[PDB]
Structures are given as C-alpha cells and as structure tokens.
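Chemist: Let me begin by handing over the structure; questions about it come next.
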Amino acid sequence: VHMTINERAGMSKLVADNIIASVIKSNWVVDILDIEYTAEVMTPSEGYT
Amino acid sequence: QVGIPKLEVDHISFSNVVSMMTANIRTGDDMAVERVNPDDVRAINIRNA
C-alpha cells in the first residue's frame with residue numbers, strides 16, 4: 001500500500017504504530033504531507049549527530 | 001391444549017423458570033477511549049449541520 005496521510009490530526013497513536021509496523025512488515029510506503037522539515041547534509045566523516 | 005400463562009389467571013404458582021446470567025456481568029473490563037482533540041480551534045468546521 002502506498003498510503004497517503006494528508007493530515008495526522010485525530011489519528012490514533014495505536015494506528016500510527018500500526019502504520020509504521022506495516023511499513024516495516026508489509027513494506028508499506030506511507031507519504032506524510034503534513035510534515036515540514038529543514039534538512040542538513042552530513043559528510044560521512046561527521047556522521048549523524 | 002396450549003399452556004395457560006400464569007399471569008393470565010388468579011392462582012399462585014410457587015415454582016417458576018427464571019432466566020439468569022451464569023456469572024456476574026460486571027467483569028471490571030470497563031470501556032476506555034482515546035479522545036484526541038482538534039489541532040487548531042480556528043480550523044474547526046462548525047458549518048454544515
């Protein structure tokens with residue numbers, strides 16, 4: 001399933017655990033459009049802080 | 001003939017069949033819910049019934 005989550009509002013936490021669980025076990029691809037993020041590109045030497 | 005209802009006549013009957021639960025219905029597994037509030041009060045849609 002290529003699930004699309006336009007908004008996480010009102011979502012059960014149990015359901016969110018379930019969806020990530022299906023990401024891992026059922027190989028779901030879930031796309032959360034609600035999220036905003038800044039990114040940083042680490043060099044391999046500095047690793048993930 | 002069919003059996004007359006006991007309530008239908010003025011006799012007293014001191015033996016009767018009584019339906020009953022086999023054990024206490026109050027098992028203590030009371031229902032509980034995950035309420036999850038609106039993210040933004042201004043975004044709420046009062047409209048449309």
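Simple scheme: letters A, B, ... for chains in structure tokens order, numbers from 1 for residues in each chain, numbers from 1 for ligands in the order shown.
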As a ChimeraX atom specification, could you give me every residue of chain A near chain B (at most 12 Å apart, counting only C-alpha atoms)?
Modeler: /A:7-15
Chemist: Near residue 29 in chain A, within 12 Å and counting only C-alpha atoms, which residues show up once chain neighbours fewer than 5 positions away are dropped, as a list in words?
Modeler: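 The filter keeps residues 1, 2, 3, 4, 5, 19, 20, 21, 22, 23 and 24 of chain A.
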Chemist: Quick one: distance from CA of residue 36 in chain A to CA of residue 45 in chain B in Å, one decimal?
Modeler: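 Distance reported for this atom pair: 23.7 Å.
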Chemist: How would you write, as a list in words, the set of residues in chain A that DSSP gives as strand (DSSP E)?
Modeler: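 Restricting chain A to strand (DSSP E) produces residues 4, 5, 31 and 32 of chain A.
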Chemist: Take the residues just selected and output them with N, CA, C and O atoms as an mmCIF file, in the first residue's frame.
Modeler:
data_model
loop_
_atom_site.group_PDB
_atom_site.id
_atom_site.type_symbol
_atom_site.label_atom_id
_atom_site.label_comp_id
_atom_site.auth_asym_id
_atom_site.auth_seq_id
_atom_site.Cartn_x
_atom_site.Cartn_y
_atom_site.Cartn_z
ATOM 1 N N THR A 4 -1.300 7.563 1.778
ATOM 2 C CA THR A 4 -1.024 8.982 1.839
ATOM 3 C C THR A 4 -1.757 9.631 2.991
ATOM 4 O O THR A 4 -2.980 9.571 3.075
ATOM 5 N N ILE A 5 -0.993 10.261 3.873
ATOM 6 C CA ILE A 5 -1.551 10.907 5.040
ATOM 7 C C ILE A 5 -1.465 12.418 4.882
ATOM 8 O O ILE A 5 -0.445 13.030 5.184
ATOM 9 N N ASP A 31 3.214 8.191 2.772
ATOM 10 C CA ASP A 31 3.674 9.547 2.486
ATOM 11 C C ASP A 31 2.929 10.573 3.331
ATOM 12 O O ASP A 31 1.746 10.825 3.123
ATOM 13 N N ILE A 32 3.635 11.160 4.285
ATOM 14 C CA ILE A 32 3.047 12.148 5.163
ATOM 15 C C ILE A 32 3.300 13.574 4.688
ATOM 16 O O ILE A 32 4.387 14.116 4.876
#
